[PDB]
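Student: Structure file protein.txt (compact mmCIF, C-alpha atoms) is given on the next line.
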```txt
# COMPACT_ATOMS: atom_id res chain seq x y z
CA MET A 1 79.51 1.83 -24.92
CA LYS A 2 79.23 2.25 -28.69
CA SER A 3 81.90 4.17 -30.65
CA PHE A 4 81.10 7.83 -29.94
CA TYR A 5 81.70 8.36 -33.66
CA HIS A 6 78.93 5.92 -34.59
CA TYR A 7 76.59 7.31 -31.96
CA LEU A 8 77.19 10.70 -33.53
CA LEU A 9 76.54 9.08 -36.93
CA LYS A 10 72.87 8.98 -35.92
CA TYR A 11 72.97 12.78 -35.77
CA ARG A 12 74.46 13.41 -39.22
CA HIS A 13 72.16 16.41 -39.05
CA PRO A 14 71.71 16.93 -42.83
CA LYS A 15 70.38 20.34 -41.80
CA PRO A 16 72.53 21.83 -38.98
CA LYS A 17 70.66 23.94 -36.43
CA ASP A 18 71.65 23.23 -32.83
CA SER A 19 75.20 23.46 -31.48
CA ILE A 20 75.41 19.66 -31.42
CA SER A 21 74.05 19.50 -34.97
CA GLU A 22 76.76 21.71 -36.51
CA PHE A 23 79.36 19.76 -34.54
CA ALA A 24 78.03 16.46 -35.90
CA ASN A 25 78.61 17.51 -39.51
CA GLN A 26 82.11 18.67 -38.58
CA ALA A 27 82.95 15.42 -36.78
CA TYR A 28 81.76 13.52 -39.86
CA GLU A 29 84.73 15.02 -41.69
CA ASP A 30 87.00 13.91 -38.84
CA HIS A 31 88.18 10.76 -40.61
CA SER A 32 91.00 10.74 -38.04
CA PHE A 33 88.58 10.72 -35.09
CA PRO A 34 89.59 8.05 -32.50
CA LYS A 35 86.74 5.70 -33.45
CA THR A 36 88.62 2.87 -31.74
CA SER A 37 89.08 4.83 -28.50
CA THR A 38 86.50 6.81 -26.55
CA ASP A 39 87.70 8.53 -23.41
CA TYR A 40 86.57 11.89 -22.02
CA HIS A 41 90.12 12.97 -21.11
CA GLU A 42 91.81 11.62 -24.26
CA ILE A 43 89.18 12.96 -26.66
CA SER A 44 88.86 16.19 -24.66
CA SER A 45 92.51 17.00 -25.38
CA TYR A 46 91.95 15.91 -28.98
CA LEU A 47 89.56 18.84 -29.36
CA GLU A 48 91.76 21.34 -27.51
CA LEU A 49 94.62 20.01 -29.65
CA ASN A 50 93.12 22.11 -32.44
CA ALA A 51 91.50 25.56 -32.33
CA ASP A 52 88.95 24.09 -34.74
CA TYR A 53 87.14 22.37 -31.86
CA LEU A 54 88.29 24.89 -29.25
CA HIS A 55 85.50 27.24 -30.35
CA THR A 56 82.94 24.50 -29.63
CA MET A 57 84.25 22.80 -26.49
CA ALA A 58 80.94 23.56 -24.78
CA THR A 59 79.23 21.48 -27.48
CA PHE A 60 81.40 18.40 -26.95
CA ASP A 61 80.85 18.50 -23.19
CA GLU A 62 77.11 18.77 -23.84
CA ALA A 63 77.23 15.94 -26.37
CA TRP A 64 79.04 13.71 -23.87
CA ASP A 65 76.37 14.43 -21.25
CA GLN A 66 73.82 13.18 -23.77
CA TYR A 67 75.94 10.19 -24.78
CA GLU A 68 76.44 8.92 -21.23
CA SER A 69 72.80 9.71 -20.50
CA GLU A 70 71.81 7.21 -23.21
CA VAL A 71 74.42 4.60 -22.23
CA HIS A 72 75.18 5.44 -18.61
CA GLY A 73 71.43 5.92 -18.17
CA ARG A 74 70.02 2.80 -19.80
CA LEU A 75 66.72 1.50 -18.38
CA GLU A 76 67.87 2.56 -14.92
CA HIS A 77 65.20 5.26 -14.70
CA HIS A 78 64.92 6.70 -11.19
CA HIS A 79 64.33 10.46 -11.08
CA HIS A 80 61.52 10.03 -13.61
CA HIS A 81 59.00 7.55 -12.18
CA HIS A 82 57.31 7.27 -15.58
```
Would it be possible to restate this file's structure as structure tokens?

Tutor:
Amino acid sequence: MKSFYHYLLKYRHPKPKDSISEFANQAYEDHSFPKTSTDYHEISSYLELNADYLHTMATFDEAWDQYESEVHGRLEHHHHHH
């Protein structure tokens, strides 16, 4: 794994467009983000803990799917025989 915050740092999206993009800029301002702790359940509640992220829960879930896909996926390609 690699600090979800840092992973997100790669998507600073200097020009928000997609749901994940707008979220990235927002998270950048989250100086309190649990950089030293990445857990779906723990962080999930962190979002619901504030209506600010409540209106974009679908984005976080989607982001996670991408995150794990890059880490939990690695060079273990299977479905795509390319």

Student: What's around range 48-64 of chain A at 10 Å? Count all atoms listed in the file, leave out sequence neighbours fewer than 5 positions away in its own chain, and write the answer as a VMD selection string.

Tutor: chain A and resid 4 8 18 to 24 26 to 27 40 43 69 to 70

Student: Could you jot down the CA of residue 73 in chain A to CA of residue 44 in chain A separation for me, Å, one decimal place?

Tutor: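 If I compute the distance from CA of residue 73 in chain A to CA of residue 44 in chain A, I get 21.2 Å.
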
Student: List as a ChimeraX atom specification the protein and nucleic acid residues near range 30-38 of chain A, meaning an atom at most 9 Å away when all atoms listed in the file are counted, but skip any in the same chain fewer than 5 places from it.

Tutor: /A:1-6,43,46

Student: Find, counting only C-alpha atoms, the residue in A:29, A:42, A:68, A:81 that gets nearest to residue 7 in chain A.

Tutor: A:68

Student: Mind pulling up the distance from CA of residue 82 in chain A to CA of residue 13 in chain A?

Tutor: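 Going from CA of residue 13 in chain A over to CA of residue 82 in chain A covers 29.2 Å.
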
Student: CA of residue 76 in chain A to CA of residue 11 in chain A: how many Å, to one decimal?

Tutor: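 According to the coordinates, CA of residue 76 in chain A and CA of residue 11 in chain A are separated by 23.8 Å.
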
Student: Choose the residue, out of A:41, A:79, A:12, A:74, that has the smallest atom-to-atom separation from residue 28 in chain A; count only C-alpha atoms.

Tutor: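 Residue with the minimum atom-to-atom distance to residue 28 in chain A: A:12.
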